[PDB]
Amino acid sequence: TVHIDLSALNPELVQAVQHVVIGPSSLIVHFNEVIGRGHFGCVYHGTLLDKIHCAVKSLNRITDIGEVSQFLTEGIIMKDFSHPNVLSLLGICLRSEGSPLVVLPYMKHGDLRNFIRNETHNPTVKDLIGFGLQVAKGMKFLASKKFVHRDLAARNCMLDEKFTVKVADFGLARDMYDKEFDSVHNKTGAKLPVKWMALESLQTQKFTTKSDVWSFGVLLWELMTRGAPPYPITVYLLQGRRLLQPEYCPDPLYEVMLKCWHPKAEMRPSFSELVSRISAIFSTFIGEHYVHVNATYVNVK
Ligand SMILES: COC(=O)[C@@]1(O)C[C@H]2O[C@]1(C)n1c3ccccc3c3c4c(c5c6ccccc6n2c5c31)C(=O)NC4
């Protein structure tokens, strides 16, 4: 029931965010065409004009000026996170009574996990490695900004009409699949995706680019299994265990996954090194090896 007067925002902040703001005459939200919903609010199809098909994330109302301010600040920072393998922020709107919109690109093929799981899709080893390379490129960029993702997973990357992978679920593009999984940014989550988290993250809450590299290794395993659930966990890993080599995963790529899960965080490869190594492995394939699900992983949750 709380009224919020947005004129209480700091005028310097309002000026600073203007280049991120999409005016109402430039945006049509297609309220009859829902893309998906969660605790956060709802994502609708949209049209943005100079037209362009977009996704409009409508957040629950914000009634605290400090929280509004943090949202605008995040908008300014995220607007500069521009890379072909990172989901872009097209802009924001803040309507009467604190009703926020985050305008994002529309991703024809949805999330990467569902895409590779779909039986009607026929990926090759080359394709799946190429998806992994794209993710490594997006992560190299994020790491260059000193940004630690925490939430890297196949479900949190999206695929557009050109089959370009965009690392997602960060910044104002957070809250992906928020009924299935809590964010690794949530200190007290009851549904944390522990199967993607580095050992030192599980044990001592240390989150770094090197723990992102661990998550990336799990993501590579997701790709090569066509979206099996990992380990179909701290005590398990400490027995001396890792994810098994996928049946269609090339040996050099499995060696890379093992490096990503090095027990010493400092000894894991950088995302720059991963882009280099995976680019080389990718280049050896010609698209003749079709990848299928492991019978013992099908339908496992
Ligand atoms: C139940 O679905 C989800 O929770 C998603 O994370 C998954 C689903 O909508 C959610 C809410 N989602 C989101 C949750 C939070 C922010 C963005 C999204 C989101 C986006 C897109 C899509 C999408 C595209 C095609 C099919 C399904 C799609 N979804 C999204 C986006 C998109 O194209 N761009 C952003």
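Below, all heavy atoms of this structure are taken into account, side chains as well, without hydrogens, waters or symmetry copies. If you read the sequence from its start, that first residue is 1, and numbering goes on from there. Remember, it's 1-based here, ligands and their atoms both numbered in the order they're listed.
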If you have a sec, work out which protein heavy atom is nearest [atom] and how many Å separate them, to one decimal?
| atom | answer |
| --- | --- |
| atom 34 (N) of ligand 1 | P105 O, 3.0 Å |
| atom 26 (C) of ligand 1 | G110 CA, 4.0 Å |
| atom 23 (C) of ligand 1 | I35 CG2, 3.3 Å |
| atom 2 (O) of ligand 1 | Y177 CE2, 3.5 Å |
| atom 9 (O) of ligand 1 | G36 CA, 3.8 Å |

Check: of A55, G171, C54, min heavy-atom distance to atom 35 (C) of ligand 1 comes from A55

Taking the minimum heavy-atom distance to atom 22 (C) of ligand 1, which of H53, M107, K166, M158 ranks first?
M158

Aromatic rings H53 and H45: how do their planes relate, parallel, tilted or perpendicular, breaks at 30° and 60°?
parallel

In terms of ring plane angle, is the pair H292 and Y290 parallel, tilted or perpendicular, where the classes change at 30° and 60°?
parallel

Please determine whether a side-chain nitrogen of the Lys or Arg among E273 and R277 lies less than 4.0 Å from a carboxylate oxygen of the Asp or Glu.
yes

Mark the output for [X] as yes if a heavy-atom distance to ligand 1 is under 4.0 Å, and as no if none is.
| X | result |
| --- | --- |
| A168 | no |
| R174 | yes |
| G38 | no |

Just wondering, do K108 and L159 contact through their side chains at under 4.5 Å, heavy atoms?
no

With distance as the sole criterion, is a donor-acceptor pair present between the side chains of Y177 and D111 under 3.5 Å?
yes

Around atom CD of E97, are there more than 12 heavy atoms of other residues, nucleotides or ligands at under 6.0 Å?
yes

Do other residues, nucleotides or ligands put more than 12 heavy atoms under 6.0 Å from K126 NZ?
yes

How does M176 reach ligand 1, if at all, at less than 4.0 Å between non-hydrogen atoms: by side chain, backbone, both, or neither?
both

State the atoms of ligand 1, each with its element, that fall below the 4.0 Å cut-off from a heavy-atom position in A173.
16 (C)

Against heavy atoms of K57, which atoms of ligand 1 measure under 4.0 Å?
15 (C), 16 (C)

Verdict with reasoning, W221 to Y248, per ring-ring contact (aromatic ring centres under 6.0 Å, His included)
CA-CA 10 Å; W221 187 96; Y248 297 99; over 10 Å; no

Please check if the distance between the ring centroids of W196 and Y231 is under 6.0 Å.
no

Would you say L104 has any N or O atom under 3.5 Å from an N or O of ligand 1, going by distance alone?
no

